[PDB]
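Colleague: Sharing a structure, written as structure tokens. Questions coming.
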2 protein chains.
Amino acid sequence: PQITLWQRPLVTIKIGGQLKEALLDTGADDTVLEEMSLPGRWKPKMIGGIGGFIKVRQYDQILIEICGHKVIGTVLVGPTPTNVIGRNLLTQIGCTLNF
Amino acid sequence: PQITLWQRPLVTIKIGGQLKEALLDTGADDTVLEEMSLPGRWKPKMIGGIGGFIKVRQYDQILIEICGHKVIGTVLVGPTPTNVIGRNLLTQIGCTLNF
Ligand SMILES: CC(C)(C)OC(=O)N[C@@H](Cc1ccccc1)[C@@H](O)CN[C@@H](Cc1ccccc1)C(=O)N[C@@H](CCC(N)=O)C(=O)N[C@@H](Cc1ccccc1)C(N)=O
């Protein structure tokens with residue numbers, strides 16, 4: 001739907017059998033979630049933002065249900081304070097900015 | 001207008017007589033620009049993101065032209081790698097996410 005930005009744009013996502021809240025972030029190229037138990041294996045990686053850099057595990061081809069829309073893509077798991085849905089998944093569900 | 005997320009959502013802003021490029025970020029509550037010469041009074045402040053926290057100066061009541069729309073609000077100036085336009089200004093220009 002159409003979501004304004006008066007409040008943080010938080011949505012419910014279903015990933016790996018679990019329900020979580022995540023922030024839709026147009027300023028993140030990638031999607032990174034707080035530490036959680038995920039299946040399969042990973043390739044380690046480092047990402048940065050405001051503040052500095054962190055280490056995350058990279059899981060590809062993972063299924064996620066965001067506001068119902070099921071999408072498959074890479075998800076990074078690590079020490080991030082909050083779960084963020086990045087552009088790699090946002091394009092998947094046809095998300096656009098408007099004004 | 002309507003902007004897809006296949007590429008970073010970069011726009012041109014005019015602030016303090018200067019032209020700069022900034023990333024439209026729905027995941028930032030605040031707007032923070034790389035070090036620049038700004039006139040006026042400020043209160044110091046600290047903000048955080050993924051790799052920890054940084055110190056920035058808080059300049060209030062600042063004018064900015066984003067994609068033509070003039071808006072007035074708080075801007076934070078500091079060691080951010082890129083300039084990001086946060087929700088405090090995005091609501092000013094009527095920006096929404098759609099899908
Ligand atoms: C996630 C990934 C892929 C590593 O990308 C970024 O971190 N991108 C960030 C910087 C960047 C973008 C593009 C290229 C290079 C670098 C930017 O999108 C910021 N995204 C959010 C992600 C986020 C959100 C919530 C929590 C943790 C992380 C952010 O840090 N936003 C900050 C921006 C600074 C600001 N003050 O607005 C924010 O809103 N911080 C809040 C909330 C907060 C408090 C304390 C700690 C963390 C966050 C604040 N008031 O300080």
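In the structure tokens, each chain is lettered A, B, ... as it comes, each chain's residues begin at 1, and ligands are numbered from 1 in order of appearance.
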Please identify all protein, DNA and RNA residues within 7 Å of ligand 1, counting only C-alpha atoms and all ligand atoms, and report them as number ranges by chain.

Modeller: A: 25-32, 47-50, 80-82, 84, 86; B: 25, 27-32, 47-50, 52-53, 81-82, 86

Colleague: Excluding residue 45 of chain B and residues on its chain fewer than 3 positions from it, collect all residues at most 6 Å away from it, counting only C-alpha atoms, and give them as a list in words.

Modeller: residues 55, 56 and 57 of chain B

Colleague: Would you put the residues from that selection into a file with N, CA, C and O atoms, as a CSV table (one decimal), in the first residue's frame?

Modeller:
chain,number,residue,atom,x,y,z
B,55,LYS,N,29.5,11.8,16.5
B,55,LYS,CA,29.1,13.1,17.1
B,55,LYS,C,28.9,14.1,15.9
B,55,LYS,O,29.7,14.2,15.0
B,56,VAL,N,27.7,14.8,16.0
B,56,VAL,CA,27.4,15.7,14.9
B,56,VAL,C,26.8,17.0,15.5
B,56,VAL,O,26.3,17.1,16.6
B,57,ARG,N,26.9,18.1,14.8
B,57,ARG,CA,26.4,19.4,15.2
B,57,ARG,C,25.0,19.5,14.7
B,57,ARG,O,24.7,19.3,13.6

Colleague: How many Å lie between atom CA of residue 76 of chain B and atom CA of residue 44 of chain B, rounded to one decimal?

Modeller: 9.2 Å

Colleague: Excluding same-chain residues fewer than 3 positions from residue 65 of chain B, what lies within 9 Å of it counting only C-alpha atoms, as a PDB file with N, CA and C atoms, in the first residue's frame?

Modeller:
ATOM      1  N   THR B  12      19.419  15.786  -5.878  1.00  0.00           N
ATOM      2  CA  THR B  12      20.181  17.002  -5.714  1.00  0.00           C
ATOM      3  C   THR B  12      19.505  17.945  -4.672  1.00  0.00           C
ATOM      4  N   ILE B  13      20.296  18.431  -3.717  1.00  0.00           N
ATOM      5  CA  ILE B  13      19.774  19.362  -2.744  1.00  0.00           C
ATOM      6  C   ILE B  13      20.598  20.648  -2.799  1.00  0.00           C
ATOM      7  N   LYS B  14      19.963  21.757  -2.435  1.00  0.00           N
ATOM      8  CA  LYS B  14      20.621  23.045  -2.385  1.00  0.00           C
ATOM      9  C   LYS B  14      20.475  23.537  -0.954  1.00  0.00           C
ATOM     10  N   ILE B  15      21.597  23.617  -0.256  1.00  0.00           N
ATOM     11  CA  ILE B  15      21.611  24.053   1.113  1.00  0.00           C
ATOM     12  C   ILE B  15      22.820  24.944   1.407  1.00  0.00           C
ATOM     13  N   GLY B  68      13.767  20.722  -5.844  1.00  0.00           N
ATOM     14  CA  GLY B  68      12.934  21.905  -5.963  1.00  0.00           C
ATOM     15  C   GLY B  68      12.105  22.293  -4.736  1.00  0.00           C
ATOM     16  N   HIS B  69      11.481  21.333  -4.043  1.00  0.00           N
ATOM     17  CA  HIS B  69      10.682  21.671  -2.858  1.00  0.00           C
ATOM     18  C   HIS B  69      11.550  22.280  -1.763  1.00  0.00           C
ATOM     19  N   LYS B  70      11.249  23.513  -1.382  1.00  0.00           N
ATOM     20  CA  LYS B  70      11.996  24.131  -0.310  1.00  0.00           C
ATOM     21  C   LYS B  70      11.361  23.604   0.986  1.00  0.00           C
ATOM     22  N   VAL B  71      12.180  23.336   1.999  1.00  0.00           N
ATOM     23  CA  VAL B  71      11.712  22.840   3.290  1.00  0.00           C
ATOM     24  C   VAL B  71      12.651  23.442   4.302  1.00  0.00           C
ATOM     25  N   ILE B  72      12.186  23.573   5.541  1.00  0.00           N
ATOM     26  CA  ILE B  72      13.004  24.111   6.637  1.00  0.00           C
ATOM     27  C   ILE B  72      12.956  23.092   7.774  1.00  0.00           C
TER      28      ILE B  72
END

Colleague: For atom CA of residue 2 of chain A and atom CA of residue 10 of chain B, determine how far apart the two atoms are, in Å to one decimal place.

Modeller: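 Atom CA of residue 10 of chain B lies at a distance of 20.8 Å from atom CA of residue 2 of chain A.
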
Colleague: For a quick check of understanding, using only C-alpha atoms, which of A:23, A:39, A:17, A:73 has the smallest distance to chain B?

Modeller: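 Of A:23, A:39, A:17, A:73, the one nearest chain B, counting only C-alpha atoms, is A:23.
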
Colleague: So the first atom is atom CA of residue 11 of chain A and the second is atom CA of residue 91 of chain A; what is the distance between them in Å, to one decimal place?

Modeller: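 A separation of 15.7 Å between them.
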
Colleague: Using the chain letters and numbers from this document, which residues of chain B does DSSP assign to helix (DSSP H, G or I), as a list in words?

Modeller: residues 87, 88, 89 and 90 of chain B

Colleague: Would you export the selected residues with N, CA and C atoms as a tab-separated table (two decimals), in the first residue's frame, please?

Modeller:
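Below you can see result18.tsv, which holds the result:
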chain	number	residue	atom	x	y	z
B	87	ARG	N	13.68	11.10	7.61
B	87	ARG	CA	12.25	11.32	7.71
B	87	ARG	C	11.81	12.72	8.16
B	88	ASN	N	12.62	13.40	8.96
B	88	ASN	CA	12.23	14.73	9.41
B	88	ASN	C	12.05	15.68	8.24
B	89	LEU	N	12.72	15.43	7.11
B	89	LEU	CA	12.53	16.28	5.93
B	89	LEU	C	11.62	15.60	4.90
B	90	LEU	N	11.71	14.28	4.80
B	90	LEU	CA	10.89	13.53	3.86
B	90	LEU	C	9.38	13.76	4.11

Colleague: Output as a PyMOL selection string all residues of chain B that backbone DSSP marks as strand (DSSP E or B).

Modeller: chain B and resi 2-3+10-15+18-24+32-33+42-49+52-66+69-77+84-85+96-98

Colleague: Using only C-alpha atoms, which residue out of B:99, B:35, B:40, B:22 lies closest to residue 67 of chain B?

Modeller: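 Comparing B:99, B:35, B:40, B:22 against residue 67 of chain B, the winner is B:22.
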